[PDB]
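S.K.: Structure in structure tokens, see below.
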Amino acid sequence: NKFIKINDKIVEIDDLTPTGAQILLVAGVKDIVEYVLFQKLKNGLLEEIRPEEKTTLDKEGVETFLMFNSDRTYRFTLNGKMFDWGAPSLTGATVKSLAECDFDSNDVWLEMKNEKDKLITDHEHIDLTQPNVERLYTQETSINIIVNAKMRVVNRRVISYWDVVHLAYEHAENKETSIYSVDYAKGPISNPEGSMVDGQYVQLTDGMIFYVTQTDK
Amino acid sequence: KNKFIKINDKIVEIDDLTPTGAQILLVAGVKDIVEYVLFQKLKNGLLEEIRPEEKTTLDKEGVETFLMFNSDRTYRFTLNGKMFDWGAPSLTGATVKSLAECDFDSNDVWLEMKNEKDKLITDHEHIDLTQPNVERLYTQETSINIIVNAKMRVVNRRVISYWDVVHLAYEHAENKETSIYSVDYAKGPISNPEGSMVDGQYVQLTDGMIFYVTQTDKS
Ligand SMILES: [Ca+2]
Ligand SMILES: [Ca+2]
């Protein structure tokens with residue numbers, strides 16, 4: 142009753158010392174040569190498993206693999222550690238998962254030699270086809286914003302309308318007889334100035350300014 | 298002690314028999330360890346990547362062989378059924394022969410093509426590994442049908458000499474004082490479609506190439 146996980150699918154296997162080729166076959170791949178297989182080790186590193194190479198699986202537990210349909214791999218580093226990757230890009234969210242950091246309270250950053258390090262938001266893609274080895278790191282989010290003239294430190298990069306309102310009025314979401322407006326400026330390039338209504342979100346940056354009003358409905 | 302290794306055909310001295318990949322890159326002169334991909338070329342012919350933290354056991358004698366690519370990516374190909382990683386977007390026919398450990402002169406390099414006939418890769422042509430799938434390469438004995446003095450000959454080399462051609466027509470032929478063997482050819486490949494050969498020259502062959510060999514007076 143043995144399973145492994147491949148790209149987050151559970152996959153049943155009946156060999157505890159399968160080769161890479163045997164794993165690609167169980168995974169439903171037609172042409173195994175066209176795939177690159179990695180085992181995701183307990184320390185968080187990815188080890189490539191060539192078709193002729195064996196891995197050893199415990200009788201209990203679920204080893205984890207990544208399988209890419211790719212004729213090449215790209216390298217990057219993540220908090221100093223070297224990774225190979227079977228796709229030309231990956232998202233900030235996938236980098237967080239590889240880093241094993243607190244997902245919501247960190248950002249992903251790409252080292253840049255000639256400009257400031259680049260913030261990679263969760264859904265943005267890091268282009269590994271750029272010519273050097275991309276150097277990525279996670280860092281705890283701590284963002285200083287002004288809400289109704291008061292300094293607020295926020296540990297999340299993207300927050301909601303009601304999140305903003307609550308930075309100005311502690312007990313405001315339940316106030317069915319109140320209408321709250323939200324304006325902002327000095328935001329980042331993805332939202333520099335504007336207004337927010339319920340259902341919207343905003344990406345924060347240091348020094349961003351918010352003005353929140355409460356009126357009777 | 299007096300230990301040497303070979304990195305991309307440069308012989309370099311090392312003072313450690315179990316270096317890490319980083320230490321190998323550092324004696325090779327690299328400033329930025331992360332930007333290179335390091336392979337050891339094993340005795341079984343395979344390229345084994347060495348990560349910066351991994352050690353390699355070297356013998357006190359002999360010169361182990363490493364390839365060191367300045368590359369942020371690796372391409373895969375197969376060669377006679379074995380998997381290769383490669384730190385550059387192309388490699389030549391000649392480099393494939395070297396990796397294959399085949400006899401250079403009696404083999405051709407072929408690229409598998411799923412629909413067309415397989416492609417012949419000459420010694421100086423580049424195989425583009427940036428094409429979308431895993432390139433499948435193999436070496437095979439050369440076999441070319443030529444005509445020498447109206448007899449079909451199968452030759453197992455792509456390049457042959459004046460005396461090879463003469464001796465395909467007449468085994469006894471040799472250098473004389475009174476006569477010489479003339480060689481004229483036609484229906485050759487692009488490098489040499491038609492002409493004459495004298496001692497010292499070579500020609501590239503192709504199927505159907507025709508040679509005419511005659512013993513003439515030295516006039
Ligand atoms: Ca890159
Ligand atoms: Ca390719």
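So the protein sequences, as listed, match chains Z and Y. With our numbering applied, the first sequence covers 142 to 358. With our numbering applied, the second sequence covers 298 to 516. All C-beta atoms in this analysis are idealised placements derived from N, C-alpha and C, irrespective of residue type, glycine included.
Does the distance from the C-beta atom of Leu434/Y to that of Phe374/Y stay below 8 Å?
M.R.: yes
S.K.: By Cβ distance, which residues of its chain are closer than 7 Å to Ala240/Z, with the 5 residues on each side in sequence left out?
M.R.: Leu219, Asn220, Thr279.
S.K.: Any C-beta of chain Z sitting closer than 8 Å to the C-beta of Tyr372/Y?
M.R.: yes
S.K.: What's the gap between the Cα of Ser336/Z and the Cα of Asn148/Z?
M.R.: Their backbone Cα atoms lie some 40 Å apart in a straight line.
S.K.: I'd like to know if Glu332/Y contacts chain Z, where contact means its C-beta is closer than 8 Å to some C-beta of that chain.
M.R.: yes
S.K.: Report yes if the C-beta of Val338/Z is less than 7 Å from at least one heavy atom of ligand 1; otherwise report no.
M.R.: no
S.K.: Could you have a look at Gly340/Z and say whether DSSP puts it in helix, strand or coil?
M.R.: coil
S.K.: With distances taken from CA atoms, which of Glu281/Z, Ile267/Z, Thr262/Z, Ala313/Z is nearest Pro329/Z?
M.R.: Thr262/Z
S.K.: Give a single yes or no on whether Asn273/Z has its beta carbon closer than 7 Å to a heavy atom of ligand 1.
M.R.: yes
S.K.: Compute the beta-carbon to beta-carbon distance between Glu265/Z and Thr235/Z, rounded to the nearest angstrom, for a pair I have assumed lies under 8 Å.
M.R.: Actually they are not in contact, since the Cβ atoms of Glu265/Z and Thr235/Z sit about 11 Å apart, beyond 8 Å.
S.K.: Measure from the alpha carbon of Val249/Z to the alpha carbon of each residue in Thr282/Z, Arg293/Z, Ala326/Z, then state which is nearest.
M.R.: Minimum Cα distance to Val249/Z is reached at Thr282/Z.
S.K.: So that I know if they touch, is there some Cβ in chain Z lying closer than 8 Å to that of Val431/Y?
M.R.: Yes, contact with chain Z.
S.K.: Give the range of the beta strand (DSSP E) segment to which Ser238/Z is assigned.
M.R.: That residue, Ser238/Z, is in no beta strand (DSSP E); its alpha helix (DSSP H) goes 233-240.
S.K.: Nearest to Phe301/Y by alpha carbon, out of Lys352/Y, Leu323/Y, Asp356/Y?
M.R.: It is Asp356/Y whose Cα lies nearest to the Cα of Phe301/Y.
S.K.: Using three-state DSSP, classify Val152/Z as helix, strand or coil.
M.R.: strand
S.K.: At 7 Å on the CB atoms, spell out the chain Y contacts of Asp212/Z, in chain order.
M.R.: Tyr372, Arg373, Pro429, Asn430, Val431
S.K.: Show which residues of chain Y have a CB atom less than 9 Å away from the CB atom of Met223/Z.
M.R.: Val331, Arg348, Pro349, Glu350
S.K.: Can you grab the Cα-Cα spacing for the pair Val334/Y / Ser246/Z, in whole Å?
M.R.: In this structure, the CA atom of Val334/Y is about 34 Å from the CA atom of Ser246/Z.
S.K.: So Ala326/Z is in the beta strand (DSSP E); what residue range does that whole segment cover?
M.R.: Going by DSSP, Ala326/Z is part of the beta strand (DSSP E) stretching over 319-326.
S.K.: Drop a sphere of 10 angstroms on the beta-carbon of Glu432/Y, count the other beta-carbons inside from all chains shown, and report buried for 16 or more, exposed for fewer.
M.R.: buried
S.K.: Could you check if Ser516/Y is buried or exposed, using at least 16 other CB atoms within 10 Å of its CB as the buried criterion?
M.R.: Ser516/Y comes out exposed.
S.K.: Alpha carbon to alpha carbon, how far is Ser476/Y from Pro490/Y?
M.R.: 27 Å
S.K.: Out of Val495/Y, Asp514/Y, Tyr482/Y, which has the shortest C-alpha to C-alpha gap to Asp504/Y?
M.R.: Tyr482/Y
S.K.: Considering only residues of the same chain and omitting the five flanking positions on each side of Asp156/Z, which have a CB-CB separation below 7 Å?
M.R.: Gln163
S.K.: For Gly202/Z, does the count of other Cβ atoms within 10 angstroms reach 16, so buried, or fall short, so exposed?
M.R.: exposed
S.K.: Return yes when the C-beta of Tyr215/Z is under 7 Å from any heavy atom of ligand 1, and no when it is not.
M.R.: yes
S.K.: Please give me, in chain order, every unbroken run of the beta strand (DSSP E) with length at least 3 that falls completely inside the region 167-235 of chain Z.
M.R.: 176-181, 187-189, 205-210, 213-219, 222-226, 230-232
S.K.: Measuring alpha carbon to alpha carbon, tell me which of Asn453/Y, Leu339/Y, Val445/Y, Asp400/Y ends up nearest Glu361/Y.
M.R.: Answer by Cα proximity: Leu339/Y.
S.K.: Who are the Cβ neighbours of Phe508/Y in its own chain at under 6 Å, not counting the five residues just before and after it?
M.R.: Answer for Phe508/Y: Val445, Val462, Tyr482, listed in chain order.
S.K.: What is the DSSP secondary structure of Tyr467/Y, counted as helix, strand or coil?
M.R.: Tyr467/Y falls in the coil class under three-state DSSP.
S.K.: Does DSSP classify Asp402/Y as helix, strand or coil?
M.R.: coil
S.K.: So who's on the other strand from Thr317/Y, going by DSSP bridges?
M.R.: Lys352/Y
S.K.: Could you have a look at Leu269/Z and say whether DSSP puts it in helix, strand or coil?
M.R.: Look at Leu269/Z here: in three-state DSSP terms it is coil, with no helix or strand label.
S.K.: Around the Cβ of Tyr499/Y, are there at least 16 other Cβ atoms within 10 angstroms (buried) or fewer (exposed)?
M.R.: exposed
S.K.: So, at 7 Å on beta carbons, what are the nonlocal neighbours of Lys416/Y in its own chain, with the 5 sequence-adjacent residues on each side left out?
M.R.: Same-chain partners within the cutoff: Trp407, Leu408, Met410.
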